[PDB]
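First the structure, in the form of structure tokens, and then the observations on it.
Protein chains in written order, with the authors' numbering: chain A, 10 to 252; chain F, 2 to 234; chain 3, 2 to 205; chain D, -237 to 3; chain G, 5 to 247; chain I, 293 to 436; chain E, 9 to 250; chain C, 2 to 245; chain B, 1 to 250.
In structure tokens:
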């Protein structure tokens, strides 16, 4: 009966074997990214890695836009990443027409998590090999970040990260919050928040990136946009001048 | 051999092949042998009929679709009847809806869509019978070769069956002959007789064994059986 | 045009002191011709009584439908159904059919087995919830009951004196309709026992 | 629902879901019956291990499909309730469609024909019970006894038994009973079934149930005291002879 | 355990899929195909290996064109390659019905992307073991995409896969340094024929065939058609001159 | 846990016995008789019934056979005058040959505690109740 | 333990190969088609003397002029005859004529291989193909008397003299030299019984064998037990000659 | 493919039985013991809960007993999860007969309709059969007092005294010799108390681990009264009978 | 086509049990331990919040949900399928009662509907049983305050007080001598704190412990005034500051 490990069923150890391998699929691409909560907004950064020169830098992105008020960043292989991307855009449209006004961040992370829980419980569907991370600015609780696990468990984070080096990156964001005893960056301007997360990423990875080596998403209140090559390079200019 | 990797239809082999496609492909090579060729204004289809007993009859290996086109089968007989129903349905579909005859080029694409659905989904199976599609339209005569995977390629002529690949030697040396022969249907039919004769070992061509169906511009598709092919032996 | 007025029926419910009285008639006819004089429009659900007036097709059909849900409700809780909960149950049953609904005049009357407060309610053809502290009537012949029960009925009446009040507002209004008559039955709902009495009236 | 096939041809040419299903009949209670000229008798036994079973409340082992024909099976009791209910509905459906009372020949080919469907239907399993249909056709006094096998093959038999110790009773019915000269009386048909139950029931009373089938829609079930009456008369002529 | 490589939805212990990896090997067993992206449009080229002399010259069209603005070329199993275009043909017909104007290039890539993703999520179906290269001229600029068996795709300045994938696609890197500013559509036709002969070193054992098709706004103006006439023969002599 | 050798010990140990009946030559002086509770779990290819042409099954005895088996164990046993052999067999329901000796052994242990030469009838009453309770357990067959 | 659509390395389905082996496991059906008529016969193979001759019927009637016999497992045969009579009697309603014998064989044989698990494109529910072999006979106004064979593999051939079941090998080769184009209806009746007598365990009688006939005028007719006994007595005189 | 992961729930074994049904009968022995008793004037049902402690709620609970009808009771011995599926469908099918024919449903019709559900999963559906057994007891004017039981296989037979659950053959031994046709309702209670005490795994016997629901007939003939014994009334009969 | 698996993943083991529900109970002890205590004045349930990351927010994570305003629920472990069961429980509770009977179902009838969803996963194919164990606690007008234990096998049992999880062995035994007939709502809270404190090996504060109590009907939690009939929901969620007030109270 060696087929017990090939699907999702109760194991003799009381665990799930296929769920344990779902988290391991996100480390195949080896893409490190993090997200922090600003004062009035939220800024997310990601490492842009282009293996071949034949790839168009504008087409390759790990940050997808679900709606005008909500951004998204996903780690792991792109096919499972864009599979849940179009599923999240459909849930945001059904919520506007049927239910009411635009969807907030927590509802999108909860509906996509419950959708993966049905796929995990049912044995004829394999779980997604990626991790859904949604960033937006709510009109009630303000800036919030919800990271949806492939197992279907969503929980809020102050400053999150992703990748195999996440445990080394989390230490950087954790030690900063212990000394200041603050749960968010007190900088009001969103420009200083962009250069804030980039500074901690360079010192943690020990690598100075370029305009094409990073993709910085910016989620403001009721607006979301992705910084271009000139906007990302402009942030790296003031970083070398100050520090 | 038998079932190791690809015994399930949705499984891929580590060598980048599919044994289920290879299993159904070997069914044609062990089936009844048939040949074929075509010219600019004409196309000739020659098939050999066998059986398990001398007192038994010979099941026809040539199925008629419409007056302007026909086909032949090498493989399991009832599997070709299902594919022939899908081809004849498209002939009447284009005749009722589009008021046009089904083209040979478009018939191969529609036939490929039927086999690819069973291979890419569990519970189905690919048809292990081959189909040589002959016909004529305003463009000219066209011949196709169907495989269990559904591959469709236009050829001057080919052979599928037992020892059929070895019979292609006569078609290669004469490839420059029958293509330039127009208006001579008798010589084009006799060209296919010498091609299938290369695969004959035990029994030769007889009255009931030889089945020839010719199609062309001024001559529609007609199946010649019995003593009609006795003069072309 | 009006299939609910073919057979006809009467129902009346009043409220005394910790007591309620529901009543109807024994006459069930067809069009202008009376058929059965022994028919009863009230079924026993327990301490909560439900009368039903309207087309005889809908009366005999729903009587088996309400007891289907109450038996499933009573056996699970191992206790009788309350009139406040049973009221909202009737409205959901009649609303299940929108364009095809049942035409009935049903009026429910009962007393809570816990708080002990009397509660009465009524419905309409579509099943709209109707709650009043005085009296609730429905049906084709109810039009005569609105003038009889308004002047005669008074708040805070004794259970025994309530029978004489509901009877005068019933037999008098039963003679003003062609489809109402052939005797009447009155159910006195109390916390101890229920008194069932038959009224002696004219036969026409 | 469940679309996966079950019955699969064995490399020998047989079917596993068939042969393995026949073993359930051989492990069940033996059902033996015979037919005379004017009468038909169907005997059946019960489980001798279990006790404290009231005969009245217990359903009879011989199911009555129609007034003139009954059904006494042997095999899995879980698969028998499916055949009994569907045979009685068709009995009324045949009276509705053709306005004709059912016949024993039509009832057997129907039950056997329905069993042929489940063997050929993907997602279901064949019945593990074998039924014996015996009765009289309308306006006909000719005895009709048909065997229904779980494989779907049906045939007529003068004297046939199924269940445990079948080959022992079959060899007894060939030499003792003759198909050319059947008994023309009811009493001789009842005593013949009891003689076949002496080698299986093995000295028992309450475990024996005999159903008498008579024409003109006449069915008389022998009680516990009536069955033991024929047993005593046979035992006196057995050891003494 | 044993059998992780049997069915589809079963993940490997390292978080990958064997059936997806086995489908990649089927891509390199077919005829190679290349592509070239320019400013005005894209150029498609494919090398069809001729088995015997029984093949009729230039009567076989491997490239299946979607509407007039999208060509599609595939390298892999022929039956699996035609099912992708037939599925995309219905998506293009369903789009133009509701959405009026034809579907652009980056939009058409999402229809084939999600459709392949559904085959990897079921055990009753198999993924496509063919790599389809599609592109054309969209409403703004131009784009080129290559659909992999895993469903992973991005923008490509050039795309080549097949037996000569290690050769033909390696020559695409020299094309970028040759014309870093831009490349005309007419010159890209002659450059596409040379790349076929540069990777022909492994195809010299059989007979080949040259089929080139391009679409741009300079001449065809949104019309995807094969190269015929003296233009095809002119690119042959220019490509064979350096061979 | 201890002596488990995986799936390799399965094919080597079983097929070794099959080769002794096939590859091993003998003049017919070696006889191999195998018996167990359930032979269905074993590999049927190990039997190879061209060597073994005999197959013997077993069932539960009837009331006539148990009368002979009961007299065997009671032949050397001393029984009282109030004990009937046919009465004990009648009380037997769904019992095998080992269950008959189990009651004869339990009846001997009851008389051994009181040191009685001839076993009385009261010992057989308490013996049949203990066997049908513990030693005799209802099978998982369960049909009928 | 696999799907019904799995192909064998020889290029065939496992359900098809094992279905042909089930033909020899049953009884033997022998028939001969002549110009004056088609003589068909079967063997009941009674395992007990108490079996009635009217019990097992291996020769059914699809049409007055069309008849067939069965061999092997008869469970799959009864289902095919219901569809055979459906494709025949209903075809009479459509064209107001009798269906061709060869055309009727195609409609019956196409229902064999349509089985599967979750067949795409339409609804086909079957667990296994029919493991019974049917010999289809009949007569028309054009081709004349014809005798076909319905195989579980979906193929059919026209046989002048065919022996299926347990006699598909030894009894089949004996009909090669004993068949002739001038064979009449009366001489064909004694030729079939001559083969059935040698291939049967006990002596040949009316209880262990049942023969039928198909003509142009009388159509399908089953020989009576008295009519069969008269042909058996005439066969004994033909066995002893010199 | 789905053929490899399928365990072939319903298949004919070489012995001629079903694998999942044979293993489902063992699950009854791992559950509570329910013993029914049919007396002359009524029917006495007995049951014992499994895995009980002080933290259990003894106020209102019935694990092993339910009420499907005013005149019909039921005894549940087996898995509780698979029991609620057949119990919910029992009251639905029981009221459908009362909604149409407008009369009380007997036990024989109620059991055979519920048995066909268990017989369905053992044939089609490719699912597992219900691993719970039931004992149906009710009153009827046709055959009188009726006591029936069920099995995971879907078969039902008439029983005067039935015992299911742990120690099935151990309890039936004492019930066979001590059974009488003249046994009344009061004498039937003493038969169940002495049986459940000797067949348990504990030393003493309390009233928290037992459940008793009988059927009593009042002074008015033709209608019985379903009465489930409360824990206050269960501890009272233990002293009067000497069980304590 | 869609899915080709119609068979149930739960089969009868040769030992006489079901292999899926046996390992389902084991997975409940693989995660955080919850508990609850029923008293005369109300029901007090408690749990612990185990943060996978030190930067996670415990306010967004709610381990105690609300099915009906008068009935709460709490699970054990991470509860992967807990969100599926609650979403399906809130629908069947309002549809079968609020949309039919017009009122919310009681505690005994709601736990029967929650177990009705879990019992189908052990039989109907294509799905696996739920590996979570909930606790149904509430108040009605007949049964009063009652707490039911929902097992992952699909069966429910009533219990005065119980604790299920990794520390279910020691915590359940300690509640036997700490419970009696007469208890208050605030007095039962100290019982939950003394037992839970011994099971917490990590940081002990009010943010990592979610304490849900069911008291009387609160008009402040209702949201409207003027109707004497509805005085507000009985279930109440204590804030972070109110929980820390009773932590130092020991």
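Ideal Cβ positions, reconstructed from N, Cα and C, are used throughout, including at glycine.
Fill in: Proximity winner among 78 (chain E), 217 (chain E), 169 (chain E), 222 (chain E), relative to residue 160 (chain E) (alpha-carbon distances)
78 (chain E)
Item to complete: Give the residues of chain E in contact with residue 4 (chain C), contact being defined as C-beta atoms less than 9 Å apart.
Response: 9, 10, 11, 125
Worksheet item: Where does residue 199 (chain G) sit, in a helix, a strand or coil, going by DSSP?
Response: helix
Practice prompt. Give the DSSP-derived three-state secondary structure of residue 83 (chain G) in the structure shown.
Written response: helix
Worksheet item: chain F beta carbons: is any one of them nearer than 8 Å to that of residue 21 (chain G)?
Response: no
Discussion item. Please list, in chain order, the chain A residues whose beta carbon lies closer than 7 Å to that of residue 209 (chain G).
Written reply: None at all; the shortest Cβ gap to chain A is about 28 Å.
Discussion item. Can you give me the C-alpha to C-alpha distance between residue 279 (chain I) and residue 388 (chain I), rounded to a whole angstrom?
Written reply: Outside the modelled stretch of chain I, which goes from 293 to 436, sits residue 279 (chain I), for which no answer is possible.
Worksheet item: Is the beta carbon of residue 88 (chain E) less than 8 Å from the beta carbon of residue 22 (chain E)?
Response: no
Practice prompt. Using a threshold of 8 Å, state whether the C-beta atoms of residue 17 (chain C) and residue -215 (chain D) are closer than that.
Written response: yes
Worksheet item: Which two residues bound the contiguous alpha helix (DSSP H) that contains residue 123 (chain G)?
Response: 109 to 124
Worksheet entry | Contacts around residue 159 (chain A), its chain only, beta-carbon distance under 7 Å, and the 5 residues preceding and following it disregarded | 31, 32, 125, 136, 137, 138, 139, 140
Worksheet item: Any C-beta of chain I sitting closer than 8 Å to the C-beta of residue -77 (chain D)?
Response: no
Discussion item. Per the DSSP calculation, residue -208 (chain D) is bridged to which residue(s)?
Written reply: Looking at the DSSP assignment, residue -208 (chain D) forms no beta bridge with any residue, so it has no partner.
Item to complete: Closer than 7 Å by C-beta to residue 202 (chain G): which residues in its own chain qualify, once you throw out the five before and the five after it? Chain order, please.
Response: 171, 172, 175
Fill in: Contact with chain E by residue -68 (chain D), beta-carbon distance below 8 Å
yes
Worksheet item: With distances taken from CA atoms, which of 233 (chain C), 147 (chain C), 85 (chain C), 134 (chain C) is nearest residue 153 (chain B)?
Response: 85 (chain C)
Item to complete: Within its chain, find whatever has a CB closer than 7 Å to the CB of residue 115 (chain F); leave out the 5 residues flanking it on each side and keep chain order.
Response: 84, 87
Worksheet item: residue 127 (chain G) versus chain C: which residues are under 8 Å apart at the beta carbon?
Response: 2, 3
Practice prompt. Report yes if the C-beta distance between residue 184 (chain C) and residue 41 (chain C) is below 8 Å; otherwise report no.
Written response: yes
Worksheet item: So, is residue 147 (chain 3) buried or exposed, given that buried needs 16 or more other C-beta atoms within 10 angstroms?
Response: exposed
Worksheet item: Shorter than 8 Å from the beta carbon of residue 11 (chain G) to some beta carbon of chain C?
Response: yes
Worksheet item: Cα separation between residue 309 (chain I) and residue 17 (chain B)?
Response: 36 Å
Discussion item. Would residue 19 (chain C) pass as an interface residue toward chain B - the criterion being a Cβ-Cβ separation below 8 Å?
Written reply: no
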